[PDB]
């Protein structure tokens, strides 16, 4: 009954998913966990704070890979992860989400015949210019187990020819995380006090996607829209490090001063900011869902989302950044809104469902 299960994680949102899962595997008797941190997120506010606050053991391995092209990053990680797998020889490799790390892990494993399970499988944007879209498609096609969080994702995998018996709708482990760490956030966050905000008295924003930050006019559209909204309702913005580097390089730095621009916060503070906001504006996948978790209206600053159920339930609304004036107006309009009551993403036990499937599979 001694099974070794190795998780590959590279970034903040993967650390959070792995926490939810690791919490449950830690209670599985006879399961040894190994964690490989690939190196993409290394700053202590992007990485270690997740390990501390979320109670995750330090990574068994730090590969320290990041900062180059898709080829460099992905190719160096593929070779580096495979080296770990030949030594650790796990029974299962878990990969999470849709980064270059995810694919590099799936691909390292599948060629060694090591069973791979994709946590958060079958999400599609249908925009292959997104690197994440390639990553999750190829990942999914290389996996033995596909842990789908929604029915859309199930349907996506069936339509690409993947057999039912490898597909499991288990819900979203990020809902487990919100459920299980909520009380701890409540008890230990002092972020509202420290910023001097009260409930329903601000708007929360995050923005980090390449399409939005790698293009000067697009980024300007966003920051100027945020500064405008700030006039009517205060705007709290924990700026991703790369979003700060890009704003700076572009001369848009002045705009961050016109809002409540913070550094990245940890999960417990993030939970309290999200729970207590009037509205959340984001280009993050995870924040989209978490907005819904706390029944706070969301605007997503993208041309599409993989989380289509949120749009359909009216909790989310897309606003591509074409014009600052219009984007501000949309944000203020949507602050007045609410979606319909509905249960998405499961019961908070997606991680237990995952654990059960891993041990009782037949390897």
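Numbering follows the first chain given and starts at 1.
### Query
Of the two stretches 119-127 and 104-112, which shows the higher Cα B-factor on average in the entry?
Higher mean C-alpha B-factor: 119-127.
#### Entry: 296-304 versus 326-334 - greater average Cα B-factor per the deposited record
In the deposited entry, the stretch with the higher C-alpha B-factor mean is 326-334.
### Query
Which one of 83, 241, 149, 266 shows the top CA temperature factor in the record?
Of 83, 241, 149, 266, 241 has the highest C-alpha B-factor.
### Query
Which one of 140, 98, 224, 274 shows the top CA temperature factor in the record?
The C-alpha B-factor peaks, among 140, 98, 224, 274, at 224.
### Query
In terms of the chain's CA B-factor thirds, is residue 309 lowest, middle or highest?
Its C-alpha B-factor belongs to the lowest third of this chain's values.
### Query
C-alpha B factor of residue 358, ranked within the chain: lowest, middle or highest third?
For residue 358, whose C-alpha B-factor we compare with every modelled residue in the chain, the answer is the highest third.
### Message
Splitting the chain's C-alpha B-factors into thirds, which one does residue 74 fall into?
### Response
Lowest third, going by the recorded CA B-factors of the chain.
### Query
So where's residue 155 on the chain's Cα temperature factor ranking, which third?
Its C-alpha B-factor, which the entry lists for residue 155, ranks in the middle third among residues of this chain.
### Ranked against its chain, the third holding the CA B-factor of residue 16
Residue 16: CA B-factor falls in the lowest third of its chain.
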